[PDB]
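Step one of this worksheet: look at the structure below.
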Amino acid sequence: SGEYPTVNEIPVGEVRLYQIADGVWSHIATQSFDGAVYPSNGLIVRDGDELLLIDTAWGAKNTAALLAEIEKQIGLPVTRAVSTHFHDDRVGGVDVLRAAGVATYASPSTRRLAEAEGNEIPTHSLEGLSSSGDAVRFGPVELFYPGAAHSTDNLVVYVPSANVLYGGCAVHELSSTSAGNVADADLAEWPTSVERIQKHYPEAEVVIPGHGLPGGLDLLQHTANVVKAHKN
Ligand SMILES: CC(C)c1cccc2c(-c3ccc(CNS(=O)(=O)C4CCNCC4)c(F)c3)c(C(=O)O)[nH]c12
Ligand SMILES: [Zn+2]
Ligand SMILES: [Zn+2]
């Protein structure tokens, strides 16, 4: 009923949308992994009379449900999607998207890692993002590569019209007590990568983590703090 929806409020296989700003929504879904259930976020950005999707809803059937929820709530076609790293909460569902006519994109790094992992592979490579600090425009967003953090390939996404920073899995929610799933992380570089984000987007008003509740700029420092305390 209007609060941001949490893991125990969303059955696996349903998707919720949350209005962040004019023309900006998050999507929230839940999935089982290794015997536990987790929420995850993505982004939807209005692109004239079309929509840009950032990240899948973590699985094929969740992503089909995402498309249906978009049609219900927004009613504009999703024409392009960007996946912000290679894990299944970001690319699982790309095959569903592709067969719905969505053009799917990711950095070459992400594409390689997805293929090596046996995950679904976005079709199109996003060049111009290979060095930390790189940025490119993609429809109504800017894509930024901050350096290795949660994963070596993680991208963040900024919506300049709304000052919305979508950190993806490089950014954790304020209630977070741990650095999440660090199996592919660089704990040593993660703070430095977060500092790059902080420097590059000082006017961000809303920060959206890859999992959990949006907030303000404090999510960035909180993330650095939790990662440093984990590494220790
Ligand atoms: C490899 C990919 C597909 C993957 C698989 C499985 C899990 C993860 C996570 C992940 C894991 C745990 C948390 C925090 N625990 S929690 O359950 O969400 C929270 C607990 C107390 N209150 C509310 C709920 C978290 F935020 C993220 C991440 C990530 O960190 O990017 N990636 C994952
Ligand atoms: Zn991940
Ligand atoms: Zn994640």
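In the entry's author numbering, the protein residues as written are 30 to 261. The beta-carbon is built from N, C-alpha and C at its ideal position, and this holds for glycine as well.
Let's test the definition: count the other Cβ atoms within 10 Å of the Cβ of residue 21 and tell me whether it reaches 16, buried, or not, exposed. Since the displayed the chain opens at 30 and closes at 261, residue 21 lies outside it and no answer follows.
Looking at C-beta atoms only, is the number of pairs between the segment 135-154 and the segment 110-127 that lie closer than 8 Å three or more? yes
Which residue marks the beginning of the beta strand (DSSP E) containing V107, and which one marks its end? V107 to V111
Rounding to the nearest angstrom, what Cα-Cα distance links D182 and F115 in this structure? 7 Å
Measure the C-alpha to C-alpha separation of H240 and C198 and round it to an integer number of angstroms. 7 Å
Buried or exposed: which applies to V185, given that a residue is buried once 16 or more other Cβ atoms fall within 10 Å of its Cβ? buried
Looking only at C-alpha atoms, which of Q48, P169, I49 and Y67 sits nearest to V41? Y67
Please classify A65: is it buried, with 16 or more other beta-carbons within 10 angstroms of its beta-carbon, or exposed? exposed
Would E218 pass as a contact of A164 if the rule is Cβ separation under 8 Å? no
Measuring CA to CA, which of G244, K257, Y230 and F173 is closest to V111? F173
Would you report the Cα separation of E224 and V107, rounded to the nearest angstrom? 32 Å
Using only alpha-carbon positions, find the residue among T252, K228, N192 and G157 that is nearest to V211. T252
Under the assumption that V44 contacts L105 (Cβ atoms under 8 Å), give the Cβ distance between them as a whole number of angstroms. In fact, because the Cβ distance is near 16 Å, the residues do not count as touching under 8 Å.
Mapping the DSSP letters down to three states, classify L158 as helix, strand or coil. coil
What residues match up with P68 in a beta bridge as DSSP calls it? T59
Is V186 helix, strand or coil when you go by DSSP? strand
Below 8 Å between beta carbons: does that hold for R109 and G168? yes
Count the other CB atoms, across all protein chains shown, that sit within 10 Å of the CB of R166; report buried if there are 16 or more and exposed otherwise. exposed
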